[PDB]
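**Student:** The structure file target-v4.cif (mmCIF, C-alpha atoms and all ligand atoms) is provided below.
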data_query
loop_
_atom_site.label_atom_id
_atom_site.label_comp_id
_atom_site.auth_asym_id
_atom_site.auth_seq_id
_atom_site.Cartn_x
_atom_site.Cartn_y
_atom_site.Cartn_z
CA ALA A 1 -6.76 3.37 6.74
CA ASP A 2 -6.29 0.08 4.92
CA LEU A 3 -2.96 -1.40 3.87
CA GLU A 4 -3.11 0.29 0.47
CA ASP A 5 -3.76 3.65 2.16
CA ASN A 6 -0.79 3.12 4.52
CA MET A 7 1.44 2.35 1.53
CA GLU A 8 0.26 5.48 -0.27
CA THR A 9 1.03 7.49 2.87
CA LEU A 10 4.50 5.94 3.10
CA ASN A 11 5.20 6.62 -0.58
CA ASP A 12 3.80 10.17 -0.64
CA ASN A 13 5.62 11.30 2.50
CA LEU A 14 8.99 9.85 1.46
CA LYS A 15 8.71 12.09 -1.59
CA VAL A 16 7.77 15.00 0.68
CA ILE A 17 10.97 14.33 2.65
CA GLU A 18 13.09 14.19 -0.50
CA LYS A 19 11.72 17.55 -1.70
CA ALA A 20 11.57 19.16 1.74
CA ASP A 21 12.66 22.74 2.44
CA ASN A 22 12.99 22.64 6.24
CA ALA A 23 13.22 20.25 9.18
CA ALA A 24 9.58 20.80 10.18
CA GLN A 25 8.29 19.26 6.94
CA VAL A 26 10.67 16.32 7.26
CA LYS A 27 9.54 15.73 10.85
CA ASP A 28 5.87 16.01 9.88
CA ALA A 29 6.24 13.53 7.03
CA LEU A 30 8.21 11.03 9.15
CA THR A 31 5.58 11.21 11.89
CA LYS A 32 2.89 10.33 9.33
CA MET A 33 5.02 7.51 7.92
CA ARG A 34 5.53 6.16 11.45
CA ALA A 35 1.78 5.95 12.08
CA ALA A 36 1.17 4.40 8.65
CA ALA A 37 3.82 1.74 9.23
CA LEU A 38 2.35 0.70 12.58
CA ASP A 39 -1.14 0.66 11.04
CA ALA A 40 0.06 -1.47 8.11
CA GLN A 41 1.71 -3.83 10.61
CA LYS A 42 -1.78 -4.94 11.73
CA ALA A 43 -2.95 -5.92 8.23
CA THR A 44 -2.96 -9.25 6.43
CA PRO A 45 -1.54 -8.57 2.96
CA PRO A 46 -3.33 -10.24 0.02
CA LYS A 47 -0.42 -12.55 -0.77
CA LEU A 48 -0.48 -14.05 2.75
CA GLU A 49 -4.26 -14.41 3.17
CA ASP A 50 -4.08 -18.22 3.11
CA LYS A 51 -1.22 -18.42 5.62
CA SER A 52 -1.73 -18.89 9.34
CA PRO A 53 -1.75 -15.65 11.37
CA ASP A 54 1.10 -17.20 13.37
CA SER A 55 3.03 -18.21 10.24
CA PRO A 56 6.66 -17.19 9.74
CA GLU A 57 5.55 -15.20 6.70
CA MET A 58 3.11 -13.13 8.78
CA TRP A 59 5.64 -12.64 11.55
CA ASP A 60 8.29 -11.60 8.98
CA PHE A 61 5.75 -9.20 7.47
CA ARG A 62 5.11 -7.68 10.89
CA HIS A 63 8.79 -7.55 11.85
CA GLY A 64 9.60 -5.67 8.64
CA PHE A 65 7.60 -2.73 9.99
CA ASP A 66 9.44 -2.78 13.32
CA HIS A 67 12.72 -2.20 11.50
CA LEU A 68 11.10 0.40 9.20
CA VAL A 69 9.93 2.26 12.31
CA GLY A 70 13.47 2.06 13.74
CA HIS A 71 14.80 3.78 10.64
CA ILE A 72 12.03 6.37 10.82
CA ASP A 73 12.95 7.09 14.44
CA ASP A 74 16.60 7.70 13.47
CA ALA A 75 15.59 10.22 10.80
CA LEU A 76 13.18 11.83 13.27
CA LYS A 77 16.00 12.47 15.75
CA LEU A 78 18.01 14.25 13.06
CA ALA A 79 14.99 16.24 11.93
CA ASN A 80 14.39 17.28 15.53
CA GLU A 81 18.00 18.54 15.56
CA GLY A 82 17.43 20.76 12.52
CA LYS A 83 19.69 18.62 10.30
CA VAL A 84 17.56 18.59 7.17
CA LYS A 85 20.09 16.95 4.86
CA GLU A 86 21.15 14.20 7.23
CA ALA A 87 17.52 13.48 8.18
CA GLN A 88 16.81 13.16 4.45
CA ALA A 89 19.77 10.80 3.96
CA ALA A 90 18.61 8.75 6.94
CA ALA A 91 15.16 8.50 5.33
CA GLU A 92 16.61 7.21 2.06
CA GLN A 93 17.83 4.19 4.06
CA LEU A 94 14.16 3.16 4.22
CA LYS A 95 13.99 2.32 0.52
CA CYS A 96 15.89 -0.97 0.63
CA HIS A 97 13.52 -2.13 3.37
CA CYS A 98 10.45 -1.06 1.36
CA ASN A 99 11.81 -3.05 -1.56
CA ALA A 100 12.78 -6.09 0.53
CA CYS A 101 9.29 -6.52 1.93
CA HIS A 102 7.74 -5.95 -1.50
CA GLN A 103 9.96 -8.61 -3.07
CA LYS A 104 8.59 -11.16 -0.63
CA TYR A 105 4.98 -10.07 -0.08
CA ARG A 106 3.79 -7.47 -2.65
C1 LIG A 201 6.23 -5.09 4.49
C2 LIG A 201 6.95 -5.21 5.85
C3 LIG A 201 6.29 -3.71 3.77
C4 LIG A 201 7.18 -2.69 3.85
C5 LIG A 201 8.26 -2.36 4.91
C6 LIG A 201 6.74 -1.67 2.93
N1 LIG A 201 5.70 -2.18 2.17
FE1 LIG A 201 4.79 -1.18 0.60
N2 LIG A 201 3.62 -2.79 0.30
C7 LIG A 201 3.61 -3.96 1.07
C8 LIG A 201 2.58 -4.85 0.56
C9 LIG A 201 2.19 -6.24 1.09
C10 LIG A 201 1.95 -4.12 -0.60
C11 LIG A 201 0.78 -4.64 -1.45
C12 LIG A 201 -0.47 -4.33 -0.63
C13 LIG A 201 -1.71 -4.76 -1.38
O1 LIG A 201 -2.84 -4.51 -0.90
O2 LIG A 201 -1.54 -5.36 -2.46
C14 LIG A 201 2.63 -2.86 -0.69
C15 LIG A 201 2.34 -1.92 -1.66
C16 LIG A 201 2.95 -0.70 -1.79
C17 LIG A 201 2.73 0.29 -2.84
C18 LIG A 201 1.81 0.27 -4.08
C19 LIG A 201 0.44 -0.34 -3.89
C20 LIG A 201 -0.26 0.25 -2.70
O3 LIG A 201 -0.89 -0.54 -1.95
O4 LIG A 201 -0.20 1.50 -2.53
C21 LIG A 201 3.50 1.33 -2.57
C22 LIG A 201 3.60 2.62 -3.42
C23 LIG A 201 4.25 1.06 -1.37
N3 LIG A 201 3.88 -0.19 -0.90
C24 LIG A 201 5.15 1.91 -0.80
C25 LIG A 201 6.00 1.57 0.22
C26 LIG A 201 7.06 2.43 0.70
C27 LIG A 201 7.38 3.81 0.09
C28 LIG A 201 7.68 1.79 1.71
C29 LIG A 201 8.90 2.24 2.56
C30 LIG A 201 8.73 3.63 3.21
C31 LIG A 201 7.01 0.51 1.88
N4 LIG A 201 5.99 0.39 0.95
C32 LIG A 201 7.35 -0.45 2.80
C33 LIG A 201 4.43 -4.27 2.14
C34 LIG A 201 5.41 -3.43 2.65
CA CA A 202 -5.92 0.19 9.38
CA CA A 203 -2.19 -6.04 -4.45
#
Is it possible to give me this structure as structure tokens?
**Tutor:**
Amino acid sequence: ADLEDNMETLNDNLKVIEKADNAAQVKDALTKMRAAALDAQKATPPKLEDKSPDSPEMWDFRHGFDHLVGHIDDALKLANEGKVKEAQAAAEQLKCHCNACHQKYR
């Protein structure tokens, strides 16, 4: 339930989505990723521990998860429609946003 746990949940469930057989597994994984992203959003990452909680870095860190959740919600709509392959493709759009936050704050 710490930041590192949230990241492990995000990473593990993206791989679940990639390997998924049906829409139910994609939806279940995305729902777990959604919770993890909103939990992570409340953390102070180690790199930013000396910054102000109101700093632009901390607000950029938090905003990154808002957009991640937006992408998760798009993939969730497709998974709820039974479109496994398009839900999976929508979920791959997450990866550039994982990487972008990591490049700044990992
Ligand atoms: C900021 C808005 C983030 C986004 C979006 C994602 N991640 Fe992340 N991640 C972030 C930080 C600050 C860290 C380091 C945390 C620490 O305590 O040092 C990480 C780390 C990871 C890791 C490896 C280390 C770990 O804590 O598990 C992984 C495997 C990881 N993150 C995965 C991941 C994925 C798959 C994401 C998109 C679905 C993703 N992260 C987004 C910050 C942010
Ligand atoms: Ca937590
Ligand atoms: Ca670290």
**Student:** Got a sec: who's within 10 Å of residue A:89, counting all atoms listed in the file, leaving out chain neighbours fewer than 2 positions off, as a list in words?
**Tutor:**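 The residues that qualify are residues 17, 18, 75, 78, 84, 85, 86, 87, 91, 92, 93 and 94 of chain A.
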**Student:** Taking only C-alpha atoms and all ligand atoms into account, which residues have an atom no farther than 6 Å from ligand CA 202 (chain A)? I'd like them as a VMD selection string.
**Tutor:** chain A and resid 1 to 2 39
**Student:** Taking all atoms listed in the file into account, name the residue in A:79, A:100, A:23, A:29 that is nearest to ligand LIG 201 (chain A).
**Tutor:**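 Closest residue, counting all atoms listed in the file: A:100.
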**Student:** What does the distance from atom CA of residue A:8 to atom CA of residue A:21 come to in Å, to one decimal?
**Tutor:** 21.4 Å
**Student:** Hey, can you check how far atom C12 of ligand LIG 201 (chain A) sits from atom CA of residue A:74?
**Tutor:** 25.2 Å
**Student:** Distance atom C31 of ligand LIG 201 (chain A)-atom CA of residue A:3, one decimal place?
**Tutor:**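 Atom-to-atom, atom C31 of ligand LIG 201 (chain A) and atom CA of residue A:3 are spaced 10.3 Å apart.
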**Student:** Which residue out of A:90, A:48, A:30, A:76 has the minimum interatomic distance to ligand CA 203 (chain A) when all atoms listed in the file are used?
**Tutor:** A:48
**Student:** Select from chain A every residue with an atom at most 12 Å from any atom of ligand CA 203 (chain A), then for each give the shortest pair of atoms and their distance in Å to one decimal, using all atoms listed in the file, rows by chain and rising number, as a tab-separated table.
**Tutor:**
residue	atom	partner	partner_atom	distance
A:2	CA	A:CA203	CA	11.9
A:3	CA	A:CA203	CA	9.6
A:4	CA	A:CA203	CA	8.1
A:5	CA	A:CA203	CA	11.8
A:7	CA	A:CA203	CA	10.9
A:44	CA	A:CA203	CA	11.4
A:45	CA	A:CA203	CA	7.9
A:46	CA	A:CA203	CA	6.2
A:47	CA	A:CA203	CA	7.7
A:48	CA	A:CA203	CA	10.9
A:49	CA	A:CA203	CA	11.5
A:102	CA	A:CA203	CA	10.4
A:105	CA	A:CA203	CA	9.3
A:106	CA	A:CA203	CA	6.4
**Student:** Around stretch 7-11 of chain A, fit a box with edges along x, y and z, padding it by 8 Å on each side, then list its centre and edge lengths in Å to one decimal as JSON.
**Tutor:**
{"center_x": 2.7, "center_y": 4.9, "center_z": 1.3, "size_x": 20.9, "size_y": 21.1, "size_z": 19.7}
**Student:** Counting only C-alpha atoms, which residue out of A:59, A:66, A:88, A:51 sits closest to residue A:14?
**Tutor:**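 The answer is A:88, which sits nearest to residue A:14.
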**Student:** Nearest residue to ligand LIG 201 (chain A) out of A:67, A:83, A:77, A:27, using all atoms listed in the file?
**Tutor:**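 Of the candidates, the smallest distance to ligand LIG 201 (chain A) is held by A:67.
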